[PDB]
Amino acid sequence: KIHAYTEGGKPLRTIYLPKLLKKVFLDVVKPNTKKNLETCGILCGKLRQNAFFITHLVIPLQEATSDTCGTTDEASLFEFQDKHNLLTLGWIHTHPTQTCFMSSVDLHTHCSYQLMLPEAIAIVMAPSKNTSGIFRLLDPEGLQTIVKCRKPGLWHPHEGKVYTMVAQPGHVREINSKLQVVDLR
């Protein structure tokens, strides 16, 4: 029906995203959000008939600040995904006070995801603005720029366009689909 393509002309498989995921993510991390601390979650799922289905939202053991978060125990995260044969399809995090965009750190973070899966997405929630966005790096040019980047500091800028919003419903379609929320904290 509708098929999205990268900037380099690679076809992107559709990711189906349960409509409830964004809301329950905000609920499960709300105590952090109240402290103006970021929280991240991992979007996990399965490949079925050439499309991806997000089935699990996994909140890993993590450390956070006002403008970063990062998994600290990859082991329990990897163990859970291995046990349930779950693919990593992307990730989600909060900007407790800011608008919804991809920070410099977010772009470097997302490069690891999109390197391993061309379709990988970054969902950014801006609850104080009641907004959200779903993003990816330009492929190949954005991936190239981030991989080449050696600039010091967590908040450095990048030269040229690096990221864009994902196609909806072409690349990501929000649908009625089952969901499990897993809190590893």
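A residue's number is simply how far along the shown sequence it sits, counting from 1.
Problem set entry | Residue range whose averaged C-alpha B-factor is higher in the record, 127-135 or 150-158 | According to the entry, 150-158 carries the higher average C-alpha B-factor.
For this session: Take the C-alpha B-factors listed in the entry for 38-46 and for 66-74, compute each mean, and give the stretch with the larger one.
Result: The deposited B-factors put 66-74 ahead on the C-alpha mean.
Exercise. Say you rank 94, 88, 85, 109 by Cα B-factor from the PDB entry; which sits at the top?
Worked result: Checking the PDB record, the top C-alpha B-factor among 94, 88, 85, 109 is at 85.
Exercise. Taking the entry's C-alpha B-factors for this chain, is residue 33 in the lowest, middle or highest third?
Worked result: For residue 33, whose C-alpha B-factor we compare with every modelled residue in the chain, the answer is the middle third.
Exercise. With respect to C-alpha B-factor, does residue 58 fall in the lowest, middle or highest third of the chain as deposited?
Worked result: Tercile = lowest for this residue's CA B-factor.
Exercise. Is the Cα B-factor recorded for residue 119 in the lowest, middle or highest third of its chain?
Worked result: According to the entry, residue 119 has a C-alpha B-factor in the chain's lowest third.
For this session: Place residue 80 in the lowest, middle or highest third of its chain's C-alpha B-factors, as listed in the PDB entry.
Result: Ranked within chain, residue 80 CA B lands in the highest tercile.
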